[PDB]
Structures are given as C-alpha cells and as structure tokens.
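This report concerns only the one structure given below.
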Ligand SMILES: O=C(c1cc(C2CC2)on1)N(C1CCCCC1)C1CCCCC1
Ligand SMILES: CCCCCCCCCCCCCCCC(=O)O
Ligand SMILES: CCCCCCCCCCCCCCCC(=O)O
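Chains as they are written, first to last, in my numbering: chain A, 1 to 340; chain B, 1001 to 1058; chain C, 2001 to 2228; chain D, 3001 to 3232; chain E, 4001 to 4287.
Here's what the structure looks like:
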C-alpha cells in the first residue's frame, strides 16, 4: 500500500516534469506556425474505377508496392487481388475462417498475410511454380483476436492481437521472436515506420505505444484519447503519426517530442473513425468515418477540403498508393472505389 | 508479496521511459512544414497533374 | 477488344471466370442458416451442443435438419471486449441464449454477493438492448429444470426474489422465471423471444430450433417481398 | 511440374492422327496451352492455341479449319486431332503452358514434344545471321528484325527470347523484351528498340551453345523467325 | 365509307362527361408520374420489387396518356380518321391494358417464388426479373398487334362487335379467356401464400405472429378485392357483348362509362403496391 502509493506519486511527478518540459518547449502550436501558409481551396476526387464482386462487408485492404495491384478481404471468405488499372481480378483465395479483420501485402509482392477471430495468422505464397495459391505459414501463438498485421520484410512479420499483446514472428521457423506486453486493453491497429526499425500500436485503453523492433521494450507512450483507438499510420517522413478514435476525433502525435500537434474533429460529425491514411507529401489526411462517407483534411490547418461521398454504408478500409496518385476506399456495402 | 511484483515492474518501466529527451515543438512544426513544401510538387493528389499523364483516366 | 491485345483478352477472360466462380460460391453460401450460441458463466451450453449435434477464439458447428443447413457460432471462449467483435454477427439469423434456472440458490464461483441467475439476467438485458440486434430473434432454452424442481422443494425461490409470493411449486416458479426473463425485452415488436424447456430427448430441442428458425425465415421473406 | 507427349510415329499422307499431352505437377485447369511446330533443320512455327476454360481457340492460318484442339480439365489432358497430313507436315510438336495476368510470364514450360514424319498483314521475324562462331569468355549479341512496331498502346513490347540446346527441349530466357525468366542465369539480357532486337550474353559458358529464336505475340497468326546457331 | 357502314350495321349512328374524363385522366397521369419520380429518386436498387413497381407505374402512365389521345380523337375525329389509324388507336388501349394487367401477374409470380423457397438470405437471381418483365411486355405487344395484322372483321360481317365495330367476337373471347386465367392464377397464388404463412406461423403461437398473420390476411383480401371490383364490370360488359346479338341489347351503348372504371384501377395500383408496405411507404414519404 505505502510502497504502491509512493511509487504512483513518483510516476505522477515524472509525468508532471514531462508535461512541464512539453509546455516549456511548446512556445507555439503547429496551427500557429502553419497558419502563415496558403490553405488549399477545394479538391474534388472522382471515382475512376468501381471494383465489385464482394458479397459481404469489406474489412481490410492494402495497396501494392508498384501502385498497380491491391488486395481485399471480406466476410465472404474470399481474398481478392485487384488490378486497379483495367479492373481485373488476378487471384481469388479461399479463407479457412470467414471471420477476418486484417490483411497485408508483402513489399516484394510474393506473400499475403491474413488473420481474424481464429487467433491464427495465415501466409499465402503468390509466386508459385504451381498455378494455384497455397498457405505457407500459420501462426497460432496468440490467445486473442488478431486486429492488424504488417510484413516487416520478406521473412519477418509483426502482428497485433486482442490479448493486449503484440508479437514479432519469424516466418521461416514459425515461432515468435519478440513479444511486446505493455497494453492493458485490446490492441486494434499498428503501423510500421518508413525506416523499418520502430512501430506504433494503438489499443482500446486510449493509449498509443511506440515499440522498437530490434530491442522490444516500451520505447514511447502517448495518451490523448477518451475512447478506443481504431486506426493508426505513420507520417510519410516518419517523425509523426496520426490516430483515430471512437469519439469522432483524430490526433496527430510526434515521435521526437511527446506532443499533441493537432486534433481533427468537427461538431457535425458524431461518429468515430475506422481508417486513417496519409498522402505522399503529408499534406492531405484521409479519414474514414461511420457516417457512410470519408473526409479529407489539410494536415497543416485542420480543415476539411473534400468529402468522398460515394458509399452507401460505413467505410472500414482506406489506402493510398506509394506514388500517391489514387485513393482506394472500401465499405460494408462490398464496393471498392478508386478516387482520383 | 505476490501482488507487488507487477507494481514494481510497472514503476521500473515508467522510470526507464522517463529518461528520454525532448525537443522544441516549433522545430517539429518547421520540419513537418518543410517536408510538406519540399514534396508538394510530387503529389498528384495535392496538385492536379494533366490528364495525359494519368493512367486512371476513363 | 478494339484496342486490346491478346494477353489483355486472356486477362479479361480470366477475370470473367473468377467473377463467375465468386458468384457461384456466393449463391451456394447464401442459403445456410447462421445461429449464434451464447451463454452466461457455467450454463448448459455444451449440453445443448451435444443435443443438437447428435481456433479457440470461435467454434464452428455444422449440422443438418429437415434439409436445412445450420451453422452455429460458439464464441464463448473469445475472452475479449464484446463491443469490438459483435458487429460481425449483425446478419445472424437468431441468437440461442443459455440459462439454467437451477442456479437460483447457487452463488457465483468468485463471490457470494450475487447468484448466477442475476448475472444471467444482466447479460440477457445487455444482449437484448444491443444496437446490432434490434430485429434479431432470441431463443431462451431454460434447461436443467429437473435440478431446479428438486431444489425448490427443500429451498424456496424467495431468496432469489424477495418480492415474489407464490405457491412455491414447480409450475408456478417456472412460469414466474419465464415471465421475468420475457420482461427483460425492450422492443417487443421488432423482435420476439422464444421460450422452451429442454427434455432428455434431442428431438424436442431440434424441433423447437427448426420451428423458430422457420418462423424467422418466413418473417424475413415477408419483409423482403413487401407483403407486410 | 511436367508435361509428356504421345502419338508420334509414321503416318501416310491420307489419314488422321491424335496427339495427346498429359500434364502433372501443376494446375492444368488455369493454364492456356499452345501447340508449336518445329521443322527439322529449320525454325519452329506455331500451330494452335487454346485458352483457359475452352473459351478462345486459335488455329494456324495455313492449317485453319484443318486441325482441331480440345482440353480436358478433370483428366488434365490436351488433344490435337489432325485430319489431313501433307508432305510439309513432318516436324516435332511441343506443348507450352502460359497463364495471362498482370506480372505473369507466358511460355514457361515446353514439355518434350514428339516427332512426326510423313511418308512423302502478319509481322515477319527475320535474323540476318545464322551461325556465329565464338569462344567462351566474351560477350556475344544476336539480332532479330521486325516488320512493324511491337510496342502496344498499353506500354509493353511482346518480344520473347528462347534457347534450344542440341538434343534438348526449348526453354524461356527473356519475356516481354526486358524481363528475365525463372531459373536462368543473369548473364543473358535483352534490349529492344523499334524493329531491332538484341539478345546479349556477357560471359559465355559451354552450356550456352545452341539455336536462339526471337518470338512475337502482338497478334495472331503468330509468324516466327529463323534462329541463330552458336557453336563451341 | 367503310367506317360509316360498319357503324351503321351496329346501330351506332356531353361536355361535362368529357371534361370529367379529361380531369380523371389528368389525375391518373400525375399520380403515375409522381410514383415514377419517387421510385427513380431512391438509388437503392438491391430489392427486386423495385423493378416490378417501376414497370407497373410506367405502364399505368402510358395507359393514361394513351387514353387521353384516344378519348380526344374519338370526341373530335368521329369519321375523318383514316381506317388504318383507327386500328392503331384501338390497339393502343389493348396494348396498354394488357401490359397493365400482366404486370400484376408478374408481381404475384415473383412474390410466390420469393416466399415459396426457404432461403434465409437473398441471391441476386436477376435472370428471373428480367425474363418476367420481357415476357410481360412482349405478350402485350403481340396481343395488341395481332388483331390489326391477323384475323379481322372488315369486309364481311359475321362477327363484328357493337362497342368496337371493326373487331370480331373471337378475339374478344380470347381476351376474356386470358384475363380470367390471369385473375384465377393471381387469386390462387395469393391464397396459397396466405395458407403457407398461416401454417408456418401456427406452430409458435405468439401474439406478434398472430398479429402478422391477421395483417397479411387483411392485406391480401384488400389486394384481391380491389382488383376484382375494379376489373369486373368490363369483363361483364364484354361477356354480354359476346353473348348478345347485334342491336339486341340496348345497355351496351354507355360502354365508355364502364371504361372509366378500368381507368380507376390504374389509380389503385400505385396506392396498393407502394403505400401499403412499410419500406415503400417510407421511401415515398421521404421522396
Ligand atoms: O386489355 C384488355 C382491355 C382492352 C380494352 C379496350 C377497349 C378499351 O379494355 N380492356 N382486356 C379485356 C378483355 C377481358 C375482359 C376485360 C379486359 C384483357 C386482354 C387480355 C389481357 C389483359 C386484359
Ligand atoms: C409476365 C407474367 C406472364 C408470363 C409468365 C412467364 C414466366 C413465369 C415464370 C417462369 C420462371 C419461374 C417458374 C419456373 C421455376 C423456377 O425456375 O423457379
Ligand atoms: C396467359 C398464360 C397464363 C398461364 C397460367 C399458368 C402458369 C402460371 C405460372 C405458374 C408459376 C408456378 C410457380 C411454382 C413455384 C415453385 O415450384 O416453387
């Protein structure tokens, strides 16, 4: 009791020192610095392509490395590879369990990762001597629902599960090589850094934790939400990231300085955010909401510059090509739209 | 003595995390603004390029 | 094909074949009755699993009855926040709840502050008032009635319900329990609750399930075709 | 993965013959098939093509309406029925698998084929040279010509470079004029420009001797060119 | 000359009634246009019933517009009209009303097929809706174009009718047989649907199920009864015309009166098929 109380007081006074340093270094907010720039007037994106063929709610998608192919997953039990130029299907993969919540595309373009309520992450090999697609590896070390997964490289993967833990695996051996246990709530998303050395992870306890892949300790933490966290993605530079919560608000955090750079929210919106993605230059932030349409925010002024109102249901997945030319959005109506 | 190990580990993690350094907010703001300005020309979404170079034209 | 090469034509043909296969798979899979089996604490969940049968996150059960294919989802072992994965069962046909009424005098395995029936009622109320199950039918399946009948003789149900005054027999107590469980419903118009007492024969349980799902199917078809 | 052929033998001018090909080790139901001819002591020529699902069937112009092709997915067997065989129908026959999607590489596996002896507009491919003596350890170049631009509006060139070692089945080296095949050394390379195509070898080994062919796939019928022979 | 003699054989030789017919047709066409635009407003085309309801509304609009020109020409061009154009004018009515009655049969067929299959979920199955609409239109055009090109009552006079002098008895009898077959099929389908619903809902025996069964009974009774009441008098008049001889029956003169009742049915279809179901009524109110 006494030891716990004194230790909690010590942690609180370290937090007070940290926030005092934050306030001392916060001479002017990001909005004050960036108000001098010229804001964008109005951007309009039209649906160049409309992918159809899914018969259930689409929950995840990932753009390809060449900005030409993409992957999509729904509850129908099918994983579909789409050619975004001519609207062609390259591969259709049946899933063992139809309860899937995430999918990833390998940077080399040879493997695809999937996972969901089955507590198992499945890897499928695309470039095979045979004419079909076969499962290469199965990870079953978690005891909670898998919420996100991203290929670290051709041989390593990182997954976030519902058991308040994250796991960096080793595909060739099949066993976890690093375990991250610092969350008190279900983990919903993660995003890899552009330099491929660190990664941030969001959970339901309104805290985002930054982890080191090589070492594997609680490198950084951030607490700025009042509800659960649904999406997270790094800035194109890699020194910042953006998180979306269930309180109809997104926040921008900085890796180097533990700050809250900007809060993207509006009084009209009362529903949370399912997906968050950035642009190539880091000027446009794309946020998918529960009000059946997406939104575009100018990241340096926190104002709305466009609405991609073309979906009849809640949007769940959003992605941007590596060259930043097309925006692919999916929704629960089983329709994928490429806005440009 | 069984329920104090978790608290000890938590406070050890807090004392390990608190040892990192800080930088000015204005520096981060300037870095982000410079990154946005430098790569603005190479952003098809931000700056509408002519439709001739667009492969997504219908 | 005016400006499409031979390889482009072959790719288009492959895409059309994939579309045909996907449509066939969807048509094949859009004719199976999905049920969500759910219980509170230590109930007769596995009991009715064995009666109706005749990867620890979710358990899939497949069976057939009267040329009707039933897929039961048992997600008791997920052990996570229900609000983050319950929306994926929005399109489920029916929810088979599990309550044993013989645990009225038995306190919780973790504390004696409350008995299991109150937790069952509190979780039934949460399930009924869910935003994703406004028009999802619920079956009750009050089981373990024999033990309750034996226990009601030695110990009355006044302990569980201090405001209840009855004959303390079996029929009256069962009727009171059923009425209290039915009163937890808040809509009473968009959704309905079906109550049944399990017997030693699997036929009664499977027939009740078949009748309930048939009624739900008829209601859904009537709503779809605009006759109501 | 393998394909084996059967049906070859001695045939009189008046008669019919069915050539069978059986494939094992891959998904035959999703691979388009090509029947390709190769006259002895002369270049190889196209015969027929069948697409996946038996949707598209193409025949050679000189043998149009004269041969028939059929596919069997449950048994993974390809049949080529021939009704008439003249004095010019003596050659070897090969079956080639090819699957078409984005990033795919058609003409990967060639089987072994079988011989057949008889008891007796289109873009043209040509190569000026036919026999270039060379010693190992030096770069070599083989040139092919075309009568029209092979660059389609999509943005790729339908040019292929193969290899036929003496006594061995042909294999794939370069597909789409700029992409290397799978399982081949990096020494081989291809460079196309307008109507001039060059296959270049940086370091030449004793296994690189044989007859090279230049291949086009812009449109049907698929007219082929004469190979160039490199000898040790 | 031919028209004059044809009218002479059958003995065929007010402003308020004319303007009443004009305004009734005006209400018909405005209601049909409102229903059509309300349907077109909603982009949610997943439901198959949308196609059938839109087709019915369009056909009702076409029938109203056709009756407008038909009645005005009959009032004005009594005999100046060319004999060939007379057949086109008369066949426009037959086409419109044949396509405005087979649409109800197609709706009944679709409802019976939907409710007869124990499918918890919905497949696309648009090859049935498309085929039903195509057959509904093609039968109407074939029936309308048959009498002008096929058998006729033009030169000889064994069977020329009284209400329409140029038409023969046999064609009218064929139309009566088609109409009564359609009516019997619709009635049988609705009765079968009601019986199946009641049998299925009997087992559970809940208050909500009983209320739903009673509501379905009332809806089916209204749907069948309104159609029968609207379409009976024209059936009776045509049966009398077939049975009665030439100039024998003096009640056949005011045939146009019965005709307006057939027009009145075109008013009831938008209300019954759109304002009696919850989703369609909500969509109409929103639009
Ligand atoms: O289509 C009409 C019709 C034509 C006219 C014309 C003179 C104004 O009135 N009803 N019938 C009539 C014939 C049968 C009795 C009443 C309707 C049928 C034709 C078969 C299928 C549709 C119904
Ligand atoms: C437009 C109504 C009159 C003509 C109706 C002709 C077509 C009736 C429906 C045929 C298909 C449905 C019945 C056959 C069985 C089935 O395929 O389900
Ligand atoms: C003018 C033509 C009238 C034809 C009347 C007889 C045929 C009507 C269509 C019958 C539909 C039968 C539906 C069967 C449904 C089922 O088998 O599930």
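Note that CB positions come from ideal geometry on N, CA and C, so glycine has one too.
Problem - Close-in-space but distant-in-sequence residues of the same chain around residue 323 of chain A (CB under 8 Å, 5 per side omitted) - result: 67 and 280
Exercise for the section: In angstroms with no decimal places, state the Cα-to-Cα distance between residue 4002 of chain E and residue 4161 of chain E. Expected result: 15 Å
Problem - Distance CB(residue 4287 of chain E)-CB(residue 4042 of chain E) smaller than 8 Å - result: yes
Practice task
Return the CA-CA distance between residue 2117 of chain C and residue 275 of chain A, expressed in angstroms with no decimal places.
Solution key: 41 Å
Practice task
Indicate whether residue 232 of chain A and residue 241 of chain A have their beta-carbon atoms separated by less than 8 Å.
Solution key: yes
Handout entry: Contacts around residue 4159 of chain E, its chain only, beta-carbon distance under 8 Å, and the 5 residues preceding and following it disregarded
Key = 4153, 4168, 4169 and 4170
Problem - For residue 1028 of chain B and residue 3178 of chain D, the rounded distance between their alpha carbons - result: 44 Å
Problem - residue 4142 of chain E Cβ short of 7 Å to ligand 1 heavy atom set - result: no
Practice task
Taking only the alpha-carbon atoms, compute the straight-line gap between residue 3065 of chain D and residue 4180 of chain E and give it to the nearest angstrom.
Solution key: 56 Å
Practice task
Following the continuous beta strand (DSSP E) through residue 2047 of chain C, name the residue where it begins and the one where it ends.
Solution key: Per DSSP, residue 2047 of chain C belongs to no beta strand (DSSP E); it is in the alpha helix (DSSP H), 2045-2053.
Problem - Environment of residue 78 of chain A [buried if 16+ CB atoms lie within 10 Å] - result: buried
Handout entry: Complete alpha helix (DSSP H) runs within the stretch 2083-2166 of chain C (minimum length 4 residues, chain order)
Key = 2116-2128 and 2145-2154
Problem - Extent of the continuous beta strand (DSSP E) to which residue 146 of chain A belongs - result: 146-151
Exercise for the section: Could you please give me the residues that DSSP links to residue 337 of chain A through a beta bridge? Expected result: A:50 and A:329
Exercise for the section: Could you pull out every residue in the same chain whose Cβ sits closer than 6 Å to the Cβ of residue 4011 of chain E, ignoring the five residues on either side in sequence? Expected result: 4247
Exercise for the section: Quick one: using the 10 Å Cβ neighbour count with 16 as the cut-off for buried, is residue 4046 of chain E buried or exposed? Expected result: exposed
Practice task
Please list the partners that residue 284 of chain A has in chain B, where partner means a Cβ-to-Cβ separation under 9 Å.
Solution key: 1043, 1045 and 1046
Handout entry: For residue 169 of chain A, three-class secondary structure by DSSP
Key = coil
Problem - Classification of residue 4049 of chain E by the beta-carbon crowding that lies within 10 angstroms, buried from 16 upward - result: buried
Practice task
Kindly indicate which residue of E:4262, E:4094 and E:4143 has the alpha-carbon position closest to the one of residue 4236 of chain E.
Solution key: E:4262
Handout entry: Range covered by the alpha helix (DSSP H) that runs through residue 4127 of chain E
Key = 4126-4149
Handout entry: Whether residue 4063 of chain E touches residue 4232 of chain E by CB criterion (8 Å)
Key = no
Exercise for the section: Return yes when the C-beta of residue 4181 of chain E is under 7 Å from any heavy atom of ligand 3, and no when it is not. Expected result: yes
Handout entry: Burial state of residue 229 of chain A (16 or more Cβ within 10 Å)
Key = buried
Problem - Simplified DSSP assignment, three categories, for residue 4077 of chain E - result: coil
Problem - Nearest-angstrom Cα separation, counted from residue 2082 of chain C out to residue 4061 of chain E - result: 53 Å
Exercise for the section: Assuming residue 2186 of chain C and residue 2128 of chain C form a contact by the criterion Cβ under 8 Å, report the distance between their Cβ atoms to the nearest whole angstrom. Expected result: 6 Å
Exercise for the section: Output yes or no for whether 8 Å exceeds the beta carbon distance between residue 3081 of chain D and residue 3068 of chain D. Expected result: yes
Practice task
Could you have a look at residue 4156 of chain E and say whether DSSP puts it in helix, strand or coil?
Solution key: coil
Exercise for the section: Please check the pair residue 112 of chain A and residue 103 of chain A, which I expect to be a contact at CB under 8 Å, by giving their CB distance rounded to whole angstroms. Expected result: 7 Å
Practice task
Excluding the 5 residues preceding and the 5 following residue 4144 of chain E in the sequence, name in chain order all residues of the same chain whose CB lies nearer than 7 Å to its CB.
Solution key: 4091, 4094, 4095 and 4098
Handout entry: Test item: CB-CB of residue 3001 of chain D and residue 3025 of chain D under 8 Å
Key = yes
Exercise for the section: For the stretch 82-102 of chain A, enumerate the residues whose C-beta is nearer than 7 Å to any C-beta of chain C, in chain order. Expected result: 88, 89, 92 and 99
Handout entry: Proximal residues of chain F, C-beta to C-beta of residue 2024 of chain C below 8 Å
Key = Structure shown: chain F not included; protein chains present are A, B, C, D and E.
Practice task
Give a yes or no on whether 8 Å exceeds the smallest Cβ distance from residue 55 of chain A to chain C.
Solution key: yes
Problem - Residues within the stretch 145-173 of chain A neighbouring chain C, beta-carbon criterion of under 7 Å - result: 145 and 162
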